[PDB]
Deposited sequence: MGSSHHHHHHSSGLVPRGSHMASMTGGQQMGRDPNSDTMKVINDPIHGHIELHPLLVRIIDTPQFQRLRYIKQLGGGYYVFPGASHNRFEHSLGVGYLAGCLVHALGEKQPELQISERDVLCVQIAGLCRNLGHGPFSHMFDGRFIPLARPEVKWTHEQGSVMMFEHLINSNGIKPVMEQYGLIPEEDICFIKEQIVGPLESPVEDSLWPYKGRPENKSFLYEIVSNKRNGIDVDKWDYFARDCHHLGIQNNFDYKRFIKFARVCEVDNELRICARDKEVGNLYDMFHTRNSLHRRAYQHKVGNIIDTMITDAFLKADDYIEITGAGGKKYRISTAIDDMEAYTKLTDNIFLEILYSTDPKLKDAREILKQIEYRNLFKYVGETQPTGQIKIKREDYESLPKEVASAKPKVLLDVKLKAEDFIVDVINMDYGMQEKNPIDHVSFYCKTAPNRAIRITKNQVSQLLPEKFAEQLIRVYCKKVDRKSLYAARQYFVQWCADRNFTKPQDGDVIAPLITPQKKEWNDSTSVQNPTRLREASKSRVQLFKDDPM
């Protein structure tokens, strides 16, 4: 009937139009209350107990903020209330597709359990959105508030995942192009989703966010770039933009890719793999689904949350023992041991199809050290992490358009060399982490010897503690000394 205000620790009092309220008060949306934003990160950062629900509320709020700001500052854009509401709904709903422990599910679990499939949290979000609309009678409420369900549901979906397939969009015409740069910016990655998680994740982790989104919004404009309307930033702000991405990198280095967080996500993925044949999830029309197939039926996926973890933990079934055990070793803090980190040298790169051959390589290394144990390939875990500014090797700032103070409607480009000599020369790199499943003293020592020798063989960078953990090995490599 009427609008609701919600108090958020990050954004303060957020105003929710009744349509948005109808959307969030559904099993499909409330589901996000039971999915950790950072998953295994909670087991390293105890403040990171926040869930995808609150983050979703924040994203919808900020999307509303940005579209409103653009509207008030440039009434010649013809932004309407329909537009604002659709942008807000896309903002609210672009996290609907995340599975248990967030990045754990689409990052590790699904690629292993369903490698024949190409699955993304985006597509999950489109499917869940469809299922929410259809299961909850949302369309007549949309029509009741001035929306046109065909066009606008199309628009929302396109905001979430991109062209559902010349102007490639059917949800909105060319003159409203800029609207697709708010929720998920596929042009340069600068969107309100990032802003919310910067602020929220920082608030919960105990790290401080250094990026000011309100300032960005206040300096944002729509300008014409190559016969298309885009969101441009003031020239002055280029530095801030670089810093924004630097911040993202920082957050990944400190929190999101923390080695123990990662190994915990790994162990949970392993347990889920071992439980997949024995856990059942009741989907549409009584049908039974498993963890790995819940994504085929949205009624089932609706009921796939962090809960499973606990179901495996509290299970009495013998067939779940293995699974139940791995989780139990997480509770006792008996985790796989971190052996080290290294990087490839030069423009050398490691391709994904080769990842699987890596633990065999490590165990196949021959350190000239006397060892009482010999470890095998399956005693090693090798996590390959690609760190980049969101556009592979590309500088995302090269894909931002700027406007100057004398001519607010004339878009310009700014090159890196126009800003600072202290900026990165590369915008992508790989980090290689090696762990050992054997956790006792001797096994760990051996694992370090194998690891450093393997780094030396592949001409990788010298591990930071190399001289300490493998003093009989590091002198061999002239390039290291």
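Visitor: Which parts of the deposited chain sequence are absent from the coordinates, listed in sequence order?
Guide: No coordinates exist for the deposited residues in 1-36, 202-207, 524-550, so these stretches are absent from the model.
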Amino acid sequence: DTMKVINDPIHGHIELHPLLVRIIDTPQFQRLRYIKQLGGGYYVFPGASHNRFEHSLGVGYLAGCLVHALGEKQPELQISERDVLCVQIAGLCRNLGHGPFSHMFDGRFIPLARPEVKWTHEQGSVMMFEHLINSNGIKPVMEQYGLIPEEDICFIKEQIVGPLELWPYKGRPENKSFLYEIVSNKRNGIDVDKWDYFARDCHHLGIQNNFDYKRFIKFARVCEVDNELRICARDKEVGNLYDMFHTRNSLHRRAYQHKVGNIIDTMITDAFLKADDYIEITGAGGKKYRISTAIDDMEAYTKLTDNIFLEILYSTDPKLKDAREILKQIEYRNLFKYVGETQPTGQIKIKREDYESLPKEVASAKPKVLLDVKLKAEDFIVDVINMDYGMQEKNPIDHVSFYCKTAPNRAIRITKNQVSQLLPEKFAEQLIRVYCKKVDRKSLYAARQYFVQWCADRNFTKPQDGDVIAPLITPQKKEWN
From here on, numbers count along this sequence of modelled residues.
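Visitor: Looking at the deposited entry, does 196-204 or 147-155 carry the larger mean Cα B-factor?
Guide: Comparing averages over the C-alpha atoms only gives 147-155.
Visitor: So which stretch wins on mean C-alpha B-factor, 41-49 or 425-433?
Guide: According to the entry, 425-433 carries the higher average C-alpha B-factor.
Visitor: If you compare 250, 135, 262, 102, which has the highest Cα B-factor in the entry?
Guide: Max CA B-factor in the entry, restricted to 250, 135, 262, 102: 135.
Visitor: From 130, 116, 398, 237, which pick has the Cα B-factor that tops the rest in the entry?
Guide: If I rank 130, 116, 398, 237 by C-alpha B-factor, first place goes to 116.
Visitor: When the modelled residues of the chain are sorted by Cα temperature factor, does residue 386 land in the lowest, middle or highest third?
Guide: Highest third - that is where residue 386 ends up once the chain's C-alpha B-factors are sorted.
Visitor: Sorting the chain's modelled residues by C-alpha B-factor, tell me whether residue 409 ends up in the lowest, middle or highest third.
Guide: Residue 409: CA B-factor falls in the highest third of its chain.
Visitor: Taking the values exactly as deposited, rank residue 472 by C-alpha B-factor within its chain and report the matching third: lowest, middle or highest.
Guide: Highest third - that is where residue 472 ends up once the chain's C-alpha B-factors are sorted.
Visitor: Sort the modelled residues of this chain by their C-alpha B factor and say whether residue 216 lands in the lowest, middle or highest third.
Guide: Lowest third of the chain for residue 216's C-alpha B-factor.
Visitor: Tell me, lowest, middle or highest third: where does the Cα B factor of residue 330 rank within its chain?
Guide: Its C-alpha B-factor belongs to the lowest third of this chain's values.
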